[PDB]
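Letter by letter, the chains look like this.
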Amino acid sequence: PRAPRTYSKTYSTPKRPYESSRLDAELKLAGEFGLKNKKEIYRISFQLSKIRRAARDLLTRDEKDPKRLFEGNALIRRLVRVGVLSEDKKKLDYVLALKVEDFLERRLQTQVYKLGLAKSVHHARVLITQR
Amino acid sequence: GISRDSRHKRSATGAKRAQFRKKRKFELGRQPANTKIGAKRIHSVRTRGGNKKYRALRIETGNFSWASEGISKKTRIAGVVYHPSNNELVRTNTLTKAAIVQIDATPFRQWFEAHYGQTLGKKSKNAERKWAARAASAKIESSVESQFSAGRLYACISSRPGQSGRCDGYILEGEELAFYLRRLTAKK
Amino acid sequence: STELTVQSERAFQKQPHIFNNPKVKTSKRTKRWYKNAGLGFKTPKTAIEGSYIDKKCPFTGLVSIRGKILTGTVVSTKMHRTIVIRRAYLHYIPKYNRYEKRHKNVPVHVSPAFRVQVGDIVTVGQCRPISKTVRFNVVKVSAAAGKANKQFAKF
Amino acid sequence: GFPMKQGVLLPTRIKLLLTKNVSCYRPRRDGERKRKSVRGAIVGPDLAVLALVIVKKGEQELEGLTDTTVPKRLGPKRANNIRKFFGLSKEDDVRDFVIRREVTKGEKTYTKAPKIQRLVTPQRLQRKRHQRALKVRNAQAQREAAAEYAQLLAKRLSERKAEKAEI
Amino acid sequence: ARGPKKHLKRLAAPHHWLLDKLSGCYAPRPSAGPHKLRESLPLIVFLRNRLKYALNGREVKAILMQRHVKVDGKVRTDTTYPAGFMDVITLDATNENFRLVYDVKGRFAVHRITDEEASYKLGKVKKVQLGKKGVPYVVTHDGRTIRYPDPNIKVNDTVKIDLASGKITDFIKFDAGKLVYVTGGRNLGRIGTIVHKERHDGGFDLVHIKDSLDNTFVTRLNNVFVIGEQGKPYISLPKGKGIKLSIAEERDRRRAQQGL
RNA sequence: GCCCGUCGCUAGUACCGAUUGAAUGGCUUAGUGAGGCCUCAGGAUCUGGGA
RNA sequence: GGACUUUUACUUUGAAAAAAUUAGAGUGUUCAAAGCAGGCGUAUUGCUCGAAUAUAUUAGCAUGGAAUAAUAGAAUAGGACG
RNA sequence: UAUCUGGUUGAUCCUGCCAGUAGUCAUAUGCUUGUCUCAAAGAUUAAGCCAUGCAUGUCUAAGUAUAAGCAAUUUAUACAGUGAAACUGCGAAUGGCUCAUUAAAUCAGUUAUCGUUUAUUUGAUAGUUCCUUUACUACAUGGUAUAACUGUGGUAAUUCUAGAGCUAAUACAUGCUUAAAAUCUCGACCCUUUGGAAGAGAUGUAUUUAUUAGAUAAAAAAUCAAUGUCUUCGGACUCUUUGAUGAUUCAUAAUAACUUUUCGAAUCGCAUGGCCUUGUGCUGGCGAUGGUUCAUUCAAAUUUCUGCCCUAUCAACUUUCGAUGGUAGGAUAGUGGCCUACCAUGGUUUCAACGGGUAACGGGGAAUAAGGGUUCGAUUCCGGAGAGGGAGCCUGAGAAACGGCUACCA
Ligand SMILES: [Mg+2]
Ligand SMILES: [Mg+2]
Ligand SMILES: [Mg+2]
Ligand SMILES: [Mg+2]
Ligand SMILES: [Mg+2]
Ligand SMILES: [Mg+2]
Ligand SMILES: [Mg+2]
Ligand SMILES: [Mg+2]
Ligand SMILES: [Mg+2]
Ligand SMILES: [Mg+2]
Ligand SMILES: [Mg+2]
Ligand SMILES: [Mg+2]
Ligand SMILES: [Mg+2]
Ligand SMILES: [Mg+2]
Ligand SMILES: [Mg+2]
Ligand SMILES: [Mg+2]
Ligand SMILES: [Mg+2]
Ligand SMILES: [Mg+2]
Ligand SMILES: [Mg+2]
Ligand SMILES: [Mg+2]
Ligand SMILES: [Mg+2]
Ligand SMILES: [Mg+2]
Ligand SMILES: [Mg+2]
Ligand SMILES: [Mg+2]
Ligand SMILES: [Mg+2]
Ligand SMILES: [Mg+2]
Ligand SMILES: [Mg+2]
Ligand SMILES: [Mg+2]
Ligand SMILES: [Mg+2]
Ligand SMILES: [Mg+2]
Ligand SMILES: [Mg+2]
Ligand SMILES: [Mg+2]
Ligand SMILES: [Mg+2]
Ligand SMILES: [Mg+2]
Ligand SMILES: [Mg+2]
Ligand SMILES: [Mg+2]
């Protein structure tokens, strides 16, 4: 009788299961940003996929439609916030661009590597996971 | 119990309908009072939500009014003589709404001869005054005046005895008296 | 439907509580009651002129009209004092993104204030349940007779 | 063990539907009737006991019967019932005649009398007085509120005859 | 379902209460009273969820059984008493008066009001009839029977009331151009004058509304509560005066007030 | 080269079939008909016609 | 207030509307799924932003349009206005 | 978030399916398993069966205390604290569980009650009770009969109870009361009129019946039968009052009666004050419980428009023993073939009636991501239905109730 506890899942798994290419392209990413799954890359491209979908859907309404200005502007300010989207390309046909790497680059595991503090991406992974 | 639901009972297309739910009590019916003439006997019945209907099983008086004379009296009810729903009501002298009864007259007589000072059929001061006042207003009506001779007046029960324990009516008059008289003889 | 007699029943027919004092010699015999159903519907003169009885007349009886006002086409008049209209209408199946012809018949009471024949478009009004099926009452004829008299003999 | 039930007649057992206010049955719930076995009202050899009531004494005392008396438990408590267990007139002040029952508390002999009921008192008179007074005061109230309207109405008509001679 | 329902699961609860999903499974079913179930703010909700005064529900009973809180003047104990639009909640301790009156989002706001104004309410007369002894009477949206009103007083008009005593001390008719509060629909809490009414004989009269921002909108009549003249409201309003800003207009206000 | 049918072996499915074959479920005629409710009587007892 | 109105389809806008769900704004639950919180200070007797928005169509209601597609009309004139 | 690959041939292009592939709040099972948070879970099969324990009881200053109960003290010789038992009151009709039945049924959205019932909460609401009306009615307050208890008992056995003796009320059952006034009926007398008059009865509300009023579509006149207010005695009538609705025989009120007569406080807690003619007179504070009627609020019941899966190897269906409509009635809370009586012959259907199937509760929704679709919803919210199967009923505001009863079947 208690209200429902809500949940969603947060990843999506490749259509074709043995594309040699996506595989390499995947491994390398985990290799550079110090990831452990293929899921850590699945999650992000899922994240990326819906964001684009919103974008896509917004550009179909004509310019300066309220929802477009509300939700569009919203989506951009929120992206720039965490450092994915360039200050200049800031009008959402580049939120339409936006590869996975841009998202990857902003993890506290990478930040904690990029200004030294760890030296090697994994050392960062460990220090973080170690308080 | 008796049940007034429509969920028995074929559809307009004449289809047959599954039994859906058991009988609820709020769609209940009860049995007829089938009220007769005789020394008074009424039973209350507890209806929905507190509340009472009085089921009259036996009624011998009723308060009947002579509409054109603007009065009512309480008379004995002589009997049932015509019923449009079912002849068996007449035969068994059953009182229901719309039944045609005969009553007593002699309270309506004791009023009329006292009020018009005139006597139906065939010396005070204020009275004489009052009777003189009332005239061109005393001319009764043939078919109704001719009723007092037998001492019995035709009246239509207007109440619902099995509902309220009252058996109440109105003396028959004018065009409506014609109808039922024509029936009472064109059958005799 | 009625037609004729008026006193054709076992019970004497009358309008409830519409007394006529036999003592007062009058010209109209029976005092008659009537009203207008409202909502702008004229009460036809045949209701005020007539002497028919009907306790299910919306102008001379004890019903009220409140709720759906619908119109339909008359398709049966074999019942005495009540009819059946057909209300046709189109129904939108999506998926195929078009419509199909549907209908329903609707049984409705019909005061002898109106003379209805089959084919007449009629406007009916919502009723307290009047009978087992009937929940509507004819309330204007938006028709006439469908040009029958312009179907006659020969030159 | 099954009890007799007055008036069944029969010298056998049967099973009746018993209701409230009926003998050999204590209903557990409102409007509850339980069907129960009952013994007839005619004495048979199958009886374990016979309940008996003396109505005329004989020519000798029965040991623990005639010879001994056991006192009534409770005394009168409703005002008038005290009045009539001493035959007293509405004059003799029941307050004295209410029964008194001693009882000792180790070394305290204590006393406790009923709470006499339906006794007329200063208090109940103050409440019968207030009733009547209030009925009227309201009645007066209503009238004063009534005509105070009638006016509002009358000097509206005395404005619709200043609106009809104006225009 | 054999008798009157006595419980109220959450989720089934009216949303303008702002009750939260978890932390339970039931919401305090509003008592029987002077306001419809789905348009009330039970004491338990206002004394705890709005005013943050009590923590437990248990404390709300304990706060209340001090004859502390009192609605429209009478004292009121019912934990789940149905309080509603135009009423006057009052705390003698903490010398505090409140009117119940709507937000713009659609909710009952917290609304401090003066002692002076705390002594009189407004009621939409919802019907007027003849009673026994030919005594006419009006009844108002908060279940108030008031005998002997003005003849001029007809239905949909609004009424000022002594609370302290029983009576009507002024009234306001329903005319084109009259300050109007909106109690229902997606236009609940908005306020604006009245352009005109659409008749529609036998089925929902309509009411066109124009606010002090030159925006126009309709709500079914019944949903309209007249409350004064353009300018003069016969009661103190809440901030924002029921004018409804677009999500954008608000986003810009909300982050205009941004520089600490 | 391909390939058709009868006839023969193993295994499986479904059909037909004496048994007026069998089983479960839903309605249902006719006959019998509990029990509460209503109703005509009844009067164990227990009082002022009633219970 | 009276006296009377040929029928429809379509389409626009709007009312009347349950919440959770979905889409989606706001808020850094340490992240996230979530949650509807929270955020400022004189952190010793308080200040404060919130708890949006959308979709909710078939039907019924309400309003704009009068293309497209039906319907009805005056020919034995029992036509229309006065 | 618009993708295809493998398999027929010697090779080729097709058609076309099998296979692969990915998801699933989609179940099971195998193997493996460390941390945080979150948290479904005897639906599917058998709405099969159930050992045992628990799931419904409840007291304020404020209905009832002689516990032969506890307590002492603090005025309390009627009662006074506290309080088992028990009476009384209210609740047990909510909740929770399940998805068997159910296909125009439920259910949704949308309607209707001018077609009804409604504990309670909230707001209004009651001077009328008796009697042929001076030797007079308990109202300073009228009746008993009951539990608990006491004591005698019965049965292997139960939330079994019998006989005897007590005693309470907001249980039961009775039964008084109050202003002024007007208007109606009757009318002893007197006197002739143009006619008037003491003074007598009746008039709370509710019930049942009949008769009225409840105007309004813009304005005027004569006459009959009655008969109202003021005479400058031919006459005049002059101001003359009216609620709501789209709509009514609505709200309301009036007349004549009716009733095994509805309600109109025989109740309780705190405080104790005024007021003289010192009657323990007569007054009087705060607020509880009640109480009719109306409203409101929580409801309920019926109900309008449209909308359901597969099926013609279901084409005609419906009235026996109501099928469709009319009149009357009876029954209901109330409409209504809901039932009866009389009468008629209707009602539905290829725009799919009627019948069959559903491994069918309906919705909110769920899964699958170009779109269009496809499939799923026993199951956290709403509605409905059920309590082993049927039926029947008591109590009550509300049950056709099942942790109520009665009967049959298992
Ligand atoms: Mg016929
Ligand atoms: Mg007492
Ligand atoms: Mg339930
Ligand atoms: Mg509550
Ligand atoms: Mg309406
Ligand atoms: Mg055999
Ligand atoms: Mg009978
Ligand atoms: Mg729309
Ligand atoms: Mg929302
Ligand atoms: Mg091959
Ligand atoms: Mg090959
Ligand atoms: Mg080769
Ligand atoms: Mg496959
Ligand atoms: Mg389950
Ligand atoms: Mg099961
Ligand atoms: Mg004691
Ligand atoms: Mg007795
Ligand atoms: Mg009582
Ligand atoms: Mg007139
Ligand atoms: Mg009027
Ligand atoms: Mg009436
Ligand atoms: Mg004193
Ligand atoms: Mg078949
Ligand atoms: Mg009939
Ligand atoms: Mg036939
Ligand atoms: Mg077909
Ligand atoms: Mg099923
Ligand atoms: Mg479901
Ligand atoms: Mg389905
Ligand atoms: Mg199942
Ligand atoms: Mg049930
Ligand atoms: Mg079972
Ligand atoms: Mg059976
Ligand atoms: Mg049952
Ligand atoms: Mg159980
Ligand atoms: Mg139960």
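Caption draft 1: Spotlight on the overall build of chain A. Looking only at helices and strands, chain A has six helices and zero strands in total. When the elements of chain A are put in sequence order from the N terminus, they spell out α-α-α-α-α-α. Here the C-alpha radius of gyration of chain A, 18 Å, is well above what a compact globule of 131 residues would show, namely 14 Å. Relative to all contacts within chain A whose residues are 6 or more apart in sequence, the contacts with residues 24 or more apart total 45%. A total of about 9700 Å² of accessible surface is found on chain A, and carbon and sulfur atoms cover 52% of it. Of the charged side chains in chain A, 32 are positive and 16 negative, and the gap between their average positions amounts to 8 Å.

Caption draft 2: A look at the sheet that holds strand β12 (residues 169-171) of chain B. All names here are of chain B. As summarised here, the arrangement of the six strands in space is β7-β6-β12-β11-β10-β8, forming an open sheet in which the pairing is mixed. The strands lining the two open edges of the sheet, one partner per strand, are β7 (71-76) and β8 (79-82). Each strand of the sheet is rotated relative to its neighbour by a mean of 40 degrees, with strand direction disregarded. Alignment of strand β10 (residues 100-102) against strand β11 (residues 154-157), held across three bridges, turns out to be antiparallel. Paired with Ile-100 across the strands is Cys-156, a residue of β11. Contacting β6 (61-66), β7 and β12, helix α2 (residues 106-115) runs over the sheet at an angle of about 140 degrees to β7.

Caption draft 3: Fine view of the protein's contact with RNA strand H. Neighbouring RNA strand H are 230 residues; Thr-13 of chain B together with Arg-73, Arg-101, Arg-118 and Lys-128 of chain D lie closest to it. Backbone atoms, meaning sugar and phosphate, form 70% of the atoms of RNA strand H found within 4 Å of the protein. One of the side-chain N or O atoms of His-8 of chain B is found 2.9 Å from a phosphate oxygen in RNA strand H. Contact distances for RNA strand H include 3.0 Å between a sugar or linking oxygen and a side-chain N or O atom of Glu-9 of chain C. No other element matches the 19 residues that helix α3 (residues 122-157) of chain D contributes to the surface near RNA strand H. Counted by class, the surface near RNA strand H contains 67 nonpolar, 71 polar and 92 charged residues.

Caption draft 4: Looking closely at the sheet that holds strand β3 (residues 96-99) of chain E. All names here are of chain E. Pairing is antiparallel in the open sheet, where three strands are placed in the order β1-β2-β3. The open sheet has two free edges, formed respectively by β1 (69-71) and β3, since each of these has just one partner strand. Between one strand axis and the next, the sheet turns by 20 degrees as a mean value, whatever way the strands run. Two strands pair when backbone bridges link them, and β1 and strand β2 (residues 88-91) are joined in this way by three bridges, in the antiparallel orientation. Looking at β2, one finds that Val-71 is bridged to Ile-89.

Caption draft 5: Spatial organisation of the protein's contact with RNA strand F. All residues in the neighbourhood of RNA strand F are listed as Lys-16, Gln-31, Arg-41, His-43, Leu-57 and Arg-58 of chain B together with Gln-6, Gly-7, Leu-17, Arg-33 and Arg-35 of chain D. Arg-35 of chain D is positioned with one of its side-chain polar atoms (N or O) 3.1 Å from a sugar or linking oxygen of RNA strand F. Class assignment for the residues of the surface near RNA strand F results in two nonpolar, four polar and five charged.

Caption draft 6: The arrangement of unusual backbone geometry in detail. Residue and element names in this part refer to chain B. Positioned with a positive phi, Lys-122 is a non-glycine residue whose angle comes to about 40 degrees. Within the secondary structure, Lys-122 sits in the loop between α2 and α3 (126-133). Although it is not a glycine, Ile-140 adopts a positive phi angle of roughly 30 degrees. Locating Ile-140 in the fold gives a position in the loop between α3 and α4 (142-145). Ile-140 sits in the buried class, given a relative accessible area of 15%.

Caption draft 7: Seen up close, the pairing of strand β4 (residues 41-46) of chain B. All names here are of chain B. Relative to strand β5 (residues 52-59), β4 runs antiparallel, the two sharing six bridges. Looking at the pairing, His-43 lines up with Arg-55 of β5. If you look at the hairpin formed by β4 and β5, you'll find five residues sitting between the two strands, and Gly-49 has a positive phi there, around 75 degrees.

Caption draft 8: Representation of the interface of chain C and chain B within the structure. Counting residues at the interface gives 13 residues for chain C, matched by 23 residues for chain B. Here chain C packs against chain B, burying approximately 1400 Å² in sum over the two surfaces, 52% of which is carbon and sulfur. For chain C, the biggest contributors to the area lost against chain B are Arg-10, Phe-12 and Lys-23 of chain C; these three give 45% of the whole. Remark: the boundary between chain C and chain B carries three salt bridges. Its salt-bridge partner being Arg-29 of chain C, residue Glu-175 of chain B comes within 2.7 Å of it at the nearest N-O pair. Viewed at the interface, chain B and chain C are joined by 10 residue pairs in polar contact.

Caption draft 9: Here's a closer look at the interface of chain E and chain A. Across the contact, nine residues belong to chain E and nine residues belong to chain A. Taking both partners together, chain E and chain A bury about 720 Å²; carbon and sulfur atoms supply 71% of that area. Connecting chain E to chain A are zero salt bridges. Connecting chain E to chain A are zero residue pairs in polar contact. Here the residues of the side of chain E that touches chain A sort into five nonpolar, one polar and three charged.

Caption draft 10: Broad picture of helix α1 (residues 43-50) of chain E. All names here are of chain E. Counting buried residues in α1 gives eight out of eight residues, a clear majority hidden from the surface. Restricting attention to buried positions, one finds in α1 the residues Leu-43, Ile-44, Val-45, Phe-46, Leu-47, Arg-48, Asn-49 and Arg-50. Where α1 terminates, the next one or two residues include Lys-52, which has phi positive at roughly 55 degrees.

Caption draft 11: View of the packing of helix α2 (residues 39-58) of chain A against helix α3 (residues 66-82) of chain A. All names here are of chain A. It is the contact of α2 with α3, at a shortest axis distance of 10 Å, that shows an interaxial angle of 150 degrees. Viewed along their axes, α2 and α3 adopt a mutual orientation that is roughly antiparallel. In terms of crossing hand, the pair formed by α2 and α3 is left-handed. Here α2 contributes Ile-51, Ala-54, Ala-55 and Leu-58 to the contact with α3, which in turn contributes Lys-67, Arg-68, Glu-71, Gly-72, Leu-75 and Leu-79.

Caption draft 12: The state of the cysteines, seen in detail. All names here are of chain B. If you walk through the whole model with that rule in mind, you get zero disulfides over all chains. As a non-bridged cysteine, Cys-156 has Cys-167 as the owner of its nearest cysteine sulfur, 10 Å distant. On the basis of relative accessibility, which here comes to 8%, the residue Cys-156 falls in the buried class.

Parameters and conventions
- Residues numbered from 1 in each chain as written, not as in the entry; some residues may be left out.
- Chains lettered and ligands numbered in written order.
- Part of a larger assembly, values for the part shown.
- Heavy atoms only, no water.
- Residues with missing side-chain atoms left out of burial classes, pairs and counts.
- Helix = DSSP H or I, 4+ residues; strand = E, 2+ residues; numbered from the N terminus.
- Rg over C-alpha atoms; globule rule 2.2 N^0.38 Å.
- Contact = heavy atoms within 4.5 Å.
- Areas by Shrake-Rupley, 256 points an atom, 1.4 Å probe, with all protein chains shown as cover.
- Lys, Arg positive; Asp, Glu negative; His and termini not counted.
- Charge placed at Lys NZ, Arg CZ, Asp CG, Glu CD.
- Pairing = 2+ DSSP bridges.
- Axes fitted to C-alpha atoms, helices over the stretch in contact; angles between N-to-C directions.
- Near = heavy atom within 4 Å.
- Polar contact = N/O pair within 3.5 Å; in protein donor to acceptor, adjacent residues only side chain to side chain.
- Nonpolar A, V, L, I, M, F, W, Y, C, P; charged D, E, K, R; others polar.
- Buried < 20%, exposed > 50% of the residue type's maximum accessible area, 1.4 Å probe, protein only.
- Buried area = accessible area lost by both parts, 1.4 Å probe.
- Salt bridge = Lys/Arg side-chain N within 4 Å of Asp/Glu carboxyl O.
- Parallel < 35°, antiparallel > 145°, perpendicular 65-115°, else oblique.
- Left-handed = near helix turned anticlockwise from the far one by under 90°.
- Disulfide = S-S within 2.5 Å.

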